[PDB]
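Protein chains in written order, with PDB author numbering: chain A, 28 to 54, 65 to 515, 531 to 564, 568 to 740; chain A', 28 to 54, 65 to 515, 531 to 564, 568 to 740. A prime marks a further copy of an entry chain.
Here you go:
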């Protein structure tokens with residue numbers, strides 16, 4: 028319930044018992070088997086058992102489950118289930134193979150009848166491979182499952198070099214590997230902060246596609262049912278939200294395990310926008326808490342690192358192996374001890390018999406001379422005379438010669454940090470190849486999900502907006533002014549006083568209404584320009600007085616009928632045709648009524664939101680008012696391009712080489728160019 | 028069903044199986070136990086099992102039965118009965134005690150799964166003790182049960198002297214001893230013919246008493262139910278037979294197991310007569326066939342003698358014992374053989390080891406020298422070095438010394454016909470005292486039962502019959533003539549012509568009828584004498600002509616009205632007052648009208664049935680007719696007694712000394728006595 032797992036085998040006391048109970052060393066129903074090491078009807082055992090029997094619970098199941106095992110986390114009697122129906126999985130061999138080899142400490146059964154292992158001799162770090170379970174909340178720990186092969190290789194790298202940094206390990210260990218083909222979307226940089234602190238969170242997202250018209254979800258985030266997300270998307274439609282979604286059906290089979298169809302209203306629904314709202318508001322994308330809290334080899338609870346986890350596990354695996362070999366060693370050293378004592382009798386029979394014959398207590402007397410032990414002397418006393426035959430001795434010298442070969446073998450490995458390391462790698466490598474499998478949850482960073490407002494759910498379909506000289510607005514479909537875009541984004545106009553206005557294209561009639572009868576305008580003011588670009592689009596606002604500023608399209612969006620005091624016009628000044636900045640690296644070009652040119656990078660004129668703005672090109676105030684001099688042309692254009700300036704029938708050509716000659720500091724009056732007045736047009740080559 | 032028993036243990040193959048199945052060596066229900074050595078649902082096993090469970094079936098039951106075990110010889114499933122409910126009786130120990138001691142031959146189980154004994158090591162001759170069973174008819178054998186102690190003593194007498202005659206054995210063995218207190222009534226002389234021929238019959242009778250008025254039967258003949266005899270006596274009453282029996286009731290309890298009351302009509306019913314009719318016509322007395330047919334030690338069927346049976350059994354008991362001892366002997370000789378071989382190693386270790394060490398196959402080489410066996414040498418090879426210690430040797434010499442003592446012991450008994458005989462007696466004696474019991478069926482010879490005729494069932498009560506001078510008959514109760537007796541026996545009269553007549557006292561009126572109006576008499580003939588004695592009573596008939604004869608009262612019984620021509624009277628002769636002969640040894644006394652006396656033993660005058668008879672005393676025919684001389688007095692009287700002969704007032708006395716003087720041959724005229732005429736009376740002193 029609240030217990031942490033062990034670092035050695037990655038099991039809580041309950042799981043360990045369930046696994047051990049089913050091992051070869053559980054030597065008639067299922068209750069019979071579990072009841073042997075578990076209290077009858079015990080609740081925690083029940084839940085832990087049920088969990089183990091289902092797929093998508095463990096990344097590497099310890100049991101092959103077969104049947105229903107009880108509707109949910111409510112009851113199903115283990116007395117109704119045959120012992121046959123539960124089987125330990127091949128993966129389990131990792132935990133149990135080495136049990137009879139002096140590799141675990143043994144403590145009493147739940148009721149003092151039997152004995153059970155304190156720990157299990159896991160060959161691979163199950164702690165990481167399987168981690169914790171249930172993904173509830175208010176757990177004391179949260180360990181994600183990892184890929185066996187990644188971790189294996191990562192443990193191997195650490196045997197070869199303990200000073201292996203985390204970065205090197207994260208070039209092997211990608212991150213959690215969940216029993217689902219849904220993606221882990223969190224940054225690899227963020228997936229690193231987790232493994233340095235042993236704590237954080239990881240996010241997943243359902244895998245989807247567009248199947249002509251509708252959307253098909255094929256893979257779902259770890260432990261979220263089709264029913265769950267399909268329920269949320271349905272509540273969003275039941276509410277006057279998600280109006281773009283027409284139908285929703287669950288077409289899951291056995292051909293397609295998790296096929297969910299989301300049918301949009303029409304053909305021109307931006308389903309990426311929809312999908313990006315759903316990941317933000319449904320479990321089609323989900324956070325998973327990570328807290329690598331566990332019990333260490335020092336028997337203390339501690340949240341630890343990927344490094345720390347893998348190191349400390351290594352010292353446990355080493356210890357486990359030390360034991361495994363020694364278990365054989367002790368068993369071989371003993372027989373050699375015995376064989377020697379027997380061999381002492383063969384060479385000294387006349388003497389050994391004579392002492393057996395002539396003295397009171399033969400044994401103590403036999404270990405005195407010969408220098409034997411109270412166990413060699415015993416073996417000598419138990420010798421049948423038939424064992425004293427030549428042929429019998431040759432059997433003994435043989436067995437002895439093998440067992441001294443084997444003894445050196447084991448002792449050599451047990452005396453070498455290098456030989457022992459070669460051994461562990463080879464086992465780790467073989468186990469990786471034997472019990473391993475490919476990655477399931479791929480790491481794919483994705484465009485972060487964002488919810489939309491009830492505003493940007495509305496229709497949205499291609500429209501061309503037209504304002505003509507007559508002062509009338511005509512919103513068309515798919531002469532003075534024409535602009536591009538969707539139907540939900542607004543259309544801006546700017547008046548001859550320096551005010552911006554927003555109108556919705558939904559309010560304007562078709563290609564078959569006066570603008571003055573839509574906007575509250577200052578006395579006499581004419582509507583000069585019209586704009587329609589992305590909300591965040593960069594713009595250059597300016598006045599023919601020579602002042603201006605950079606701003607975003609948003610800073611022009613004034614929805615209220617009065618308008619917004621945007622750019623302030625000096626005496627008798629007019630608003631310049633606004634420039635759409637299409638790259639911060641572009642150049643600004645200023646041309647004056649007298650024929651002076653200045654150029655500077657547009658990322659050099661301050662960004663404001665309203666006001667007179669700063670100087671762009673110097674023209675005396677008095678001279679501007681009288682319409683004498685003043686700013687006539689203003690362009691933001693790609694760097695190092697060529698222009699043809701039209702002055703009537705004349706086409707004065709300007710290459711980047713002549714433009715490098717008018718490049719200067721902002722606010723300067725700029726260099727004068729001969730006969731460059733009354734410019735009719737400026738084209739960009 | 029039709030198999031004979033074995034002489035050794037007195038069992039048929041079925042019984043043997045039932046007993047063995049329940050022995051210690053039947054190692065969960067009752068069917069489970071018997072089904073182990075018997076075919077399932079087998080019929081003969083079923084009957085034989087049921088039989089064994091009831092008392093009064095066996096004289097020495099082999100099983101203590103507890104429960105109903107199936108109404109009659111119909112079914113009761115042995116699968117419904119717990120193993121507990123059947124137990125082998127203490128008596129059985131006689132048959133089973135010696136089974137694991139090489140005392141039986143072993144042949145396969147009914148189905149080849151197990152092994153069972155061919156015979157059982159019976160210590161006492163169960164063949165006689167229990168015999169056969171069921172007492173059906175058309176059996177191939179019939180062996181009565183006998184008393185254990187009688188037979189035991191009888192077997193013992195035969196060990197002491199095989200030439201013991203049958204007569205000596207029949208002074209120990211009384212005869213059959215049945216599980217009932219009813220009597221064996223057959224003659225001991227007849228009980229001997231049976232035991233010499235091995236075949237014959239024995240008769241039994243119910244034990245009874247008179248309980249003021251009625252009769253109480255307490256013990257019944259072997260295997261006859263109260264219900265059976267009580268049914269027969271009831272059919273006799275239902276029929277116009279047994280009219281003297283009034284009521285009949287079965288007052289059996291648990292205070293009185295077999296109490297049956299037979300109530301007579303009155304007080305004066307001769308219930309001995311009744312009882313003596315019932316033994317003759319009901320099973321209150323019964324014959325039992327004896328046919329001592331059995332299987333001998335030569336495996337052949339043969340009916341044999343009490344002698345033969347007991348002898349042949351003795352040779353089986355001897356054989357059984359020979360085995361029992363030898364079984365121990367072989368087991369002791371072997372250990373001694375082994376002990377010796379071991380002892381050979383202790384004294385020759387240096388040598389034995391050196392050969393074990395230096396040669397290819399030690400064993401064959403070790404039996405070569407030392408002169409050992411392929412089993413001693415084995416025991417030496419199996420010796421642990423620790424067995425070679427001093428202390429171990431002293432254990433071996435000890436065990437050896439005891440086992441040589443024991444060996445001589447057994448071998449001494451096995452080498453002596455005398456020592457062996459002492460052994461068997463002692464066992465037989467102890468078993469007799471241990472498993473024995475007193476006799477149940479006593480031998481009591483009794484008055485052989487005889488049925489009565491519908492005639493002698495009639496009333497019968499004391500009556501005095503009176504015929505007076507007037508010629509009238511008056512049958513009284515409880531003057532010229534008075535006679536004694538019962539009322540069913542007839543009354544005889546004899547006329548003056550020599551004819552006898554029978555009349556029934558039931559036809560004559562009381563003490564308040569003329570005889571001529573009852574009998575057809577010759578013209579003028581007077582009725583002279585009247586007699587009434589037992590039917591078979593001896594009588595002396597004679598005529599005053601001097602002729603006569605001896606006859607039985609029956610020879611006077613003529614029931615037809617005409618009469619019977621009994622004694623022929625010479626011219627003018629008269630019939631003498633008939634003499635009741637009360638002892639064949641008595642003397643006849645003849646006195647003549649002239650005064651001549653003759654005497655001779657009455658068993659000296661020929662016995663006839665009718666006619667003139669032979670001479671008694673010589674008197675010339677002519678002189679008799681003329682009434683001159685003639686036979687005047689005739690007496691049959693006790694030998695050597697004294698008489699006073701009355702001649703008026705004179706009383707002439709005659710002692711045996713004067714009568715020895717008139718003793719003579721019959722037919723002689725006899726010796727003349729002075730003044731002995733007109734005798735008025737003859738009294739006997």
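Each residue gets a CB set at the ideal place from its N, CA and C atoms; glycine is no exception.
- The beta carbons of residue 595 (chain A') and residue 588 (chain A') sit no closer together than 9 Å.
- Looking at the backbone, the Cα of residue 582 (chain A) and that of residue 545 (chain A) are separated by about 7 Å.
- Residue environment for residue 635 (chain A): exposed (fewer than 16 other C-beta atoms within 10 angstroms of its C-beta).
- Per the C-alpha coordinates, the member of A':656, A':676, A':654 and A':100 positioned closest to residue 625 (chain A') is A':676.
- Across the structure, residue 627 (chain A') and residue 671 (chain A') are spaced so that their CA atoms are roughly 18 Å apart.
- For residue 681 (chain A), the closest of A:161, A:324, A:118 and A:600 by C-alpha to C-alpha distance is A:600.
- Under the three-state reduction of DSSP output, residue 103 (chain A) falls in the coil class, being neither helix nor strand.
- When C-beta atoms of the stretch 474-494 of chain A' are compared with those of the stretch 452-463 of chain A', fewer than three pairs fall below 8 Å, so the two segments do not count as touching.
- The C-alpha of residue 256 (chain A') lies about 13 Å from the C-alpha of residue 316 (chain A').
- Counting of Cβ neighbours within 10 angstroms places residue 54 (chain A) among the exposed residues, the total staying below 16.
- When only Cα atoms are considered, residue 612 (chain A) and residue 346 (chain A) end up about 56 Å apart.
- Rounded to the nearest angstrom, the gap between the Cα atoms of residue 353 (chain A') and residue 334 (chain A') is 8 Å.
- The beta carbons of residue 561 (chain A') and residue 543 (chain A') sit no closer together than 9 Å.
- Under the Cβ criterion of 9 Å, residue 386 (chain A) is counted among the residues facing chain A'.
- Listed along chain A are 421, 422 and 423, each with a C-beta nearer than 8 Å to that of residue 419 (chain A').
- In summary, residue 341 (chain A) is buried, with 16 or more beta-carbon neighbours lying within 10 Å of its beta-carbon over all protein chains present.
- Segment contact: the stretch 241-251 of chain A against the stretch 286-303 of chain A, three or more CB-CB distances shorter than 8 Å; contact assigned.
- Residue 493 (chain A) and residue 717 (chain A) have their C-alpha atoms some 45 Å from each other.
- Shortest Cα-Cα distance from residue 651 (chain A') to any of A':696, A':722 and A':607 involves A':722.
- For residue 476 (chain A), same chain residues with a beta-carbon under 6 Å away, outside a window of 5 residues either side, are 184 and 214 in chain order.
- For residue 492 (chain A), no beta strand (DSSP E) segment is defined, and its DSSP state is neither H nor E.
- Non-local C-beta neighbours of residue 131 (chain A) in its own chain, meaning closer than 8 Å and more than five positions away in sequence, comprise 159, 160, 161, 163, 468 and 472, ordered along the chain.
- Residue pairing by DSSP places residue 331 (chain A) opposite A:339 in a beta bridge.
- Closest in C-alpha terms to residue 506 (chain A), from the list A:497, A:500, A:532 and A:114, comes A:532.
- Inter-segment contact for the stretch 69-89 of chain A' and the stretch 36-43 of chain A' is present: three or more beta-carbon pairs are separated by less than 8 Å.
- Ranked by how close their Cα comes to the Cα of residue 710 (chain A), the residues A:701, A:696, A:720 and A:700 have A:696 in first place.
- Residue nearest to residue 358 (chain A) within the set A:263, A:457, A:181 and A:446 is A:457 (criterion: CA-CA distance).
- In chain order, 595, 597, 603, 631, 632, 634, 643, 644, 645, 646 and 671 place their CB closer than 8 Å to the CB of residue 689 (chain A'), counting only its own chain and leaving out the 5 sequence neighbours on each side.
- Judged by beta-carbon spacing, residue 432 (chain A) lies beyond the 9 Å limit of residue 418 (chain A), meaning their Cβ atoms are not closer than that value.
- For residue 393 (chain A'), the neighbours in chain A by C-beta distance under 8 Å run, in chain order, 422, 423, 425 and 426.
- By the CB criterion at 9 Å, residue 348 (chain A) and residue 480 (chain A) fall outside the cutoff.
- In the same chain as residue 504 (chain A), and ignoring 5 residues on each side of it, the C-beta atoms closer than 8 Å to its own belong to 510, 511, 532, 533, 545, 570, 582 and 585, in chain order.
- In terms of CA proximity to residue 28 (chain A'), A':173 leads the group A':151, A':127, A':147 and A':173.
- The Cβ-Cβ distance between residue 437 (chain A) and residue 373 (chain A) falls below 9 Å.
- Taken through DSSP and simplified to helix, strand or coil, residue 629 (chain A) comes out as coil.
- Spatial neighbours of residue 591 (chain A') in its own chain (CB-CB distance under 6 Å, excluding positions within 5 residues in sequence) are listed in chain order as 607.
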